[PDB]
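Okay, here we've got a single chain as structure tokens, the form deposited in one PDB entry, with questions on binding and movement later.
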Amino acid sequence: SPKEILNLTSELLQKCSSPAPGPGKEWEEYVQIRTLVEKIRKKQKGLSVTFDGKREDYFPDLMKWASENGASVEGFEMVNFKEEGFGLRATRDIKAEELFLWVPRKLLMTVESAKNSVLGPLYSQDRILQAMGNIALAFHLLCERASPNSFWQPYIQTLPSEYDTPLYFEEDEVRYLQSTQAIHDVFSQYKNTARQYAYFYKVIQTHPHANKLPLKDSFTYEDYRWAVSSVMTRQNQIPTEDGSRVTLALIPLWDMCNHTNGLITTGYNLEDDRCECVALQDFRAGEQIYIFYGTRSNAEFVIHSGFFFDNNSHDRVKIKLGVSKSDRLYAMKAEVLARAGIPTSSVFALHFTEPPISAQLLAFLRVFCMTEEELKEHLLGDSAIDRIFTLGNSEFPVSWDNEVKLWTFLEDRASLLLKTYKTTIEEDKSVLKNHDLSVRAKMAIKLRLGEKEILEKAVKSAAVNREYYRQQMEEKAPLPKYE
């Protein structure tokens, strides 16, 4: 058996270290990796360390441990909500902007605490650990989990045992994402995690600095999937105690708040050396306490956080664009972009708003559609820098013609992207209405529906903008000038 696992992890390492097989082979590669991971997983015992009690049996220990080390533990309780899982619920009225939660640095698990732990010796030898604090945090979490006397046991025993990151999806649940933008990130995440598991399985076997690790005696795929899912769904960037550098950290107690829309209200207080959270809104006694995780897209919430957020006001899709080297004005356009601080080719975002495009994407599209005479006015003379300064401002176009061309282009391109999906928006809504689906399956379908609804909105917005600027052109309206 142990030699069999070594052989299997050896094959898995070579499979997941091979170069990308080509985008049209990525689904086939994905299933091939899945088959190998599941073969290993079925030969292992799940999580190496499990706990006797229910998850909620350990929340009092979490509170008592947080209390002894200076954290806030009054005014909220732990409740298992159907929609979000476990969260915090107010036990008293909490006013907006009230400082209601604080967590001193001693309670955090950080890259720095990883370096000073039993993982320290291996951390100083392995180049992946030194370069990637998120993987370092994951192994820190696993080593302390398997250490019964770890300082952080009261926190670890309250963590989830399973997540809804795509690593946990069934094959047919990921299959819903075929032909989307998001599925490539699902593929990468799965291949990344399998490669890392196999790589570190063998590193732990061969390095003497790993001899004192609990992972030397038991390190399963389920261990690693759990550890990386814990870190990707919960990790945070905080300053170092020095204040001059940033590090990654798990923040007990506060990380039990679930997400709602709003603004970030959690910050780090270096003077008191603690995490501090003020209330995002009034919370009456008996209401769930929410925070705003950040301006992430639903693709990021699904892949990295394991949930889909309905009415995510910050949703977006990618659109890759670049000036073609066969364009005869390539040199001029590249130089205008360079003076504006924009690459010649890049990945931009389309947002679910109006306009759908950022200042940087507007500026790129203006240059992308410029005539030679317009390019020359952005390259020469005493007004050239003034012209570049306004390139990302919707109120000061280059010319009416430039606007009509760029919104025509964006309308055409967004329409073309819609045609590359296997299903239509109307088909996706029918699936969600007429089938009975798992949470994970719904996350997948809503994600692919979301991508198309953003593109459809961009098509409508670009068509509306095209009509607007075509009217200004036909009416010979004076172009606005920044003065």
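Take the two forms, find the largest set of C-alpha atoms that superpose within 1.5 Å, and that set is the rigid core. Position 1 is the first residue in the sequence shown; the rest follow in order.
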Would you mind checking whether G22 is unresolved in the model of at least a third of the other PDB entries compared?
yes
Return whichever of 228 to 236 and 327 to 335 has the greater mean Cα B factor according to the PDB record.
327 to 335
On average, which has the higher Cα B-factor in the deposited entry, 368 to 376 or 284 to 292?
368 to 376
Out of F139, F307, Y268, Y155, which residue has the highest Cα temperature factor in the PDB record?
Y268
In this crystal structure's PDB entry, the residue among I94, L101, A210, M109 with the greatest CA B factor is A210
Ranked by Cα temperature factor within the chain, is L416 in the lowest third, the middle third or the highest third?
middle
Among the modelled residues of its chain, the C-alpha B-factor of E38 falls in the third labelled highest
According to the PDB entry, is the CA B factor of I425 in the bottom, middle or top third of its chain, that is, lowest, middle or highest?
highest
Just say lowest, middle or highest third for the CA B-factor of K442 relative to the other modelled residues in its chain.
lowest
Looking at the entry's B-factor column for C-alpha atoms only, identify whether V459 ranks in the lowest, middle or highest third of its chain.
lowest
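Keep in mind that the form deposited in another entry is missing from the display, and what follows is about it.
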Listing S161, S179, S383, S188 as candidates, which single one shows a C-alpha movement of 2 Å or greater between the shown form and the other one when the core is held fixed?
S383
